[PDB]
Structure formats: C-alpha cells, structure tokens
Amino acid sequence: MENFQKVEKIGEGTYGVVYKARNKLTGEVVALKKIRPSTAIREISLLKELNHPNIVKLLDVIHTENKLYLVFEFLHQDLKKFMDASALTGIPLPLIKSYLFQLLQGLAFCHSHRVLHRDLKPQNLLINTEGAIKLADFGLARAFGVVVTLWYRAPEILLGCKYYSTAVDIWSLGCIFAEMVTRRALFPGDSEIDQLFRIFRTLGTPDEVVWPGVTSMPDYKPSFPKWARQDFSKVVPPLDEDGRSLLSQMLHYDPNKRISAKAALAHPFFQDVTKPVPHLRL
Ligand SMILES: NC(=O)c1sc(Nc2ccccc2)nc1N
C-alpha cells in the first residue's frame, strides 16, 4: 500500500501475504494482508460484521488499483511460534484448556453465523499478552480455487466431499488440541493419501458402521488398507480422561457425530477452565 509502511512480513498463505504495517497517518500498527469476483465481496463484507473476542477483527477492506487488501488488528504472536517456543516444557494444561475453550467460543460464534473457517492451523490462531487467542485467516476459502499443510484437514475433505460442514473446523481444532498436549503433530501427513492413511492408522480405517456413507465418498477406495483403531490412551497420553473423551468426540469420523463447538463448550473438561497469562517472548 501507500498509506502503510510495511514493517515486516509475518505470514504466508494460499490467499496472500500478511505484513506487519504502520498506518503512515494514524500510526496504528496493523496486520495488512494483500490478497492473491463479486461473491467475494459479500463473503468478505460479511467477515467485517463478524466481531467476537476470539475472532481477529477485520478493520478495513481496501479495494483499489484493482487489488485487495485486508487490514486486521495486529495480534502479538501466532500459536505455531508459541508452541515451538514452549516445546521443552510444553504449554501448561490450564493455558491449553483456556485456549481450546476460547477457540470453541469463537467457532461456536462463527458457526452460528454460518461461517466456516476451513483451514484452522496453529499458524492462524493468534495470541496476545492478555491470554486471549483468536481465529485468523479464515482464508475466504470457497472462492479463489478451481507448501500447503494438510495436517489438520478433516477426513471428509480428504475423501473428496465438496459440501463439508462446520464439523471440519472441530476436527482441525481437535488436531491442534492434541498437538498442544503432546508437543507433536497428531497426523503429520505429507500428501493427501499419506494424511488420510495416518488418520486411518490411528483412528482405524472407517467403515459403514462408524461412518455411514463413507464407502460412497468420492475418493474412497475399497482397496484402502484396513487398520484397527489404536487405543486412545496411546494417542494423547498426558491428557486426562475428560480431555480424551472431548478429543474423541472432536475426532469422530462421521461429521454428523462429531461434537459441535457449542456442545463442546459444555463438556466436563471445561468445568475448571480459567484464563492464565502466557509467557510471551516478543
Ligand atoms: N494473519 C493475521 O491476520 C495476523 S498475523 C498477526 N501477528 C503476528 C505477530 C507475530 C508473529 C506472527 C503473527 N496479526 C494478525 N492479525
């Protein structure tokens, strides 16, 4: 832009690049995303009215010189960096719980307003010194379509469903929750099929019993290997049983059986939730 002083590049994405920038005028520091249609307008314009404490605020939408810029409030750090920074000791469980609870609130809000994120990953969960965490980079997916991280992709997406639901965000958040707890990505695939098979190897190859309709999925192959489900206590060993029961509900194969963000918020795991302060190195 011209009204902004690009301080530094802070993020990448399929939909563009984000820069820490200063409003040459107001002097405010923001996150400026240069986007890489009309339905895009509605879609975006909607995002502007999608305000909640756990959703990164979209401050301005600039459509000039036939280019698209999104000005977001600047958050202090991303969860990916925080997790890496906390890898020797791990993020304290109360903070993990606080983050999960807040993200579920943000998703419950998005989903009640019929907005899907579609691409949740540690890099787009942003945190501040006050202990808040917020959803960012919705990625205005469902538009510019027709390397990329597949680790958090729901199975129905991998199997070719073209009309997936809010359940895909619960899945992604479940994966992130596991990773915060174990300090290792749950399903670190490096290809769509390896992603899919890593999920199958851990949760068991889905069948009509646990996922009615799965064998009719676009990319489902009868030739898929048949793996047994692994005992969950081996999946996320440091998580207590409440945490594990919530996680299993977030990772149900059937999108229709997968817990909703609203229902997840009432789960016993959050009975003792608090809002700790993270130790951030900025
Ligand atoms: N993508 C976004 O909307 C972002 S990224 C961000 N800050 C940040 C600061 C340090 C490290 C990584 C990200 N703030 C927003 N709004």
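Both backbone and side-chain heavy atoms feed into the values below; hydrogens, waters and symmetry mates do not. The first residue in the sequence is number 1, and the count goes up from there.
No more than 12 heavy-atom neighbours from other residues, nucleotides or ligands sit within 6.0 angstrom of NZ on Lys262. At most 12 non-hydrogen atoms from other residues, nucleotides or ligands lie less than 6.0 angstrom from CD of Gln271. Annotation: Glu65, atom CD; neighbour count of heavy atoms from other residues, nucleotides and ligands within 6.0 Å does not exceed 12.
When each of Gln123, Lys33, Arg118 is tested with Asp137 by the rule side chain to side chain donor-acceptor pair (under 3.5 Å), just one qualifies, namely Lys33. Each of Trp211, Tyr253, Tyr163 was compared with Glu156 under the side-chain contact (heavy atoms from CB on, under 4.5 Å) criterion, and only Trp211 meets it. The side-chain contact (heavy atoms from CB on, under 4.5 Å) test with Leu120 singles out one residue from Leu107, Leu103, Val168, and that residue is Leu107.
Of all heavy-atom pairs between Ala136 and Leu126, the closest is CB-CD1, 3.4 Å. Nearest approach of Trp151 to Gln195, heavy atoms of both residues: O-NE2, 3.2 Å. Between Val181 and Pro238, the shortest heavy-atom contact is CG1-CG, 3.3 Å. Minimum heavy-atom separation, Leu282 to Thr129: CD1-CG2, 4.1 Å.
Under the side chain to side chain donor-acceptor pair (under 3.5 Å) criterion, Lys121 pairs with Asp119, sequence neighbours left out. In this structure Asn54 satisfies the side chain to side chain contact (heavy atoms under 4.5 Å, CB included) test together with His52, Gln102, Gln105, sequence neighbours excluded.
Electrostatic pairing of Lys80 and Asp84 counts as a salt bridge here, judged by a charged N lying under 4.0 Å from a carboxylate O. At a threshold of 4.0 Å, the pair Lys275-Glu130 does not count as salt-bridged, since none of the basic side-chain nitrogens sits closer than that to a carboxylate oxygen. At a threshold of 4.0 Å, the pair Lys24-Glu2 does not count as salt-bridged, since none of the basic side-chain nitrogens sits closer than that to a carboxylate oxygen. Taking 4.0 Å as the cut-off between side-chain N and carboxylate O, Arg258 and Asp254 do not count as a salt-bridged pair.
By the criterion of side-chain heavy atoms lying less than 4.5 angstrom apart, applied directly or through intervening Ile, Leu, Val, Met, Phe, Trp or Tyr residues, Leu93 is grouped together with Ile133 in one hydrophobic cluster. Neither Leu159 nor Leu150 shares a network with the other; the hydrophobic side chains, linked directly or stepwise wherever heavy atoms of I, L, V, M, F, W or Y lie under 4.5 Å apart, form separate groups for each. By the criterion of side-chain heavy atoms lying less than 4.5 angstrom apart, applied directly or through intervening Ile, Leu, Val, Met, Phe, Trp or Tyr residues, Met180 is grouped together with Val273 in one hydrophobic cluster. Hydrophobic clustering, with ILVMFWY side chains joined whenever heavy atoms are under 4.5 angstrom apart, groups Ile170 together with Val236. With hydrophobic clusters built from ILVMFWY side chains whose heavy atoms lie under 4.5 angstrom apart, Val18 does not share a cluster with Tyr15.
Between the side chain of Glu8 and the main chain of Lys20, no donor-acceptor pair closer than 3.5 Å is present. Between the side chain of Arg198 and the main chain of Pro188, a donor-acceptor pair closer than 3.5 Å is present. Within the 3.5 Å criterion, the main-chain N or O of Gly213 finds a donor-acceptor partner in the side chain of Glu208. Put simply, the side chain of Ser98 never gets that close to the backbone of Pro94: no donor and acceptor are under 3.5 Å apart. Distance alone, capped at 3.5 Å, places no donor-acceptor pair between the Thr205 side chain and the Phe200 backbone. Looking at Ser248, its side chain does come within 3.5 Å of a backbone N or O of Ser245 through a donor-acceptor pair. The backbone N or O of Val210 lies less than 3.5 Å from a partner atom in the side chain of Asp207, making a donor-acceptor pair. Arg229 places a side-chain N or O within 3.5 Å of a backbone atom of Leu203 that can act as its donor or acceptor partner.
In this structure, the side chains of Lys34 and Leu68 stay at 4.5 Å or more apart for every pair of heavy atoms. Counting heavy atoms from C-beta on, the side chains of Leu140 and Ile44 come closer than 4.5 Å. Within the 4.5 Å cutoff, no side-chain heavy atoms of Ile127 are placed close to those of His76. Side-chain atoms of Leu173 and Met250, non-hydrogen and from C-beta on, do get closer than 4.5 Å to each other. By the 4.5 Å heavy-atom criterion applied to side chains, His267 and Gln249 are counted as neighbours. The shortest side-chain heavy-atom distance between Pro222 and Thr215 does not fall under the 4.5 Å cut-off. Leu116 has its side chain out of reach of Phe138: every pair of non-hydrogen atoms, C-beta onward, lies at least 4.5 Å apart. Between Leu32 and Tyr69 the shortest side-chain heavy-atom distance falls below 4.5 Å.
A cation-pi geometry, defined here as NZ or CZ lying under 6.0 Å from the six-membered ring centre and within 45° of its normal, holds between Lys97 and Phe269.
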**Request:** Begin with the C-alpha distance, continue with both residues' side-chain angles, and end with the deciding distance and a verdict on side chain to side chain contact (heavy atoms under 4.5 Å, CB included) for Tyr99 and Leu79.
**Result:** CA-CA 10 Å; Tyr99 283 171; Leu79 185 68; 4.1 Å; yes
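In this structure, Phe224 and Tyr220 have perpendicular ring planes: the angle between them is above 60°, well past the 30° mark.
In summary, the side chains of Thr26 and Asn23 do present a donor paired with an acceptor at a separation below 3.5 Å, with no hydrogens or angles considered.
The side chain to side chain donor-acceptor pair (under 3.5 Å) analysis of residues 166-187, with sequence neighbours excluded, yields the pairs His111-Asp169, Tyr152-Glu179.
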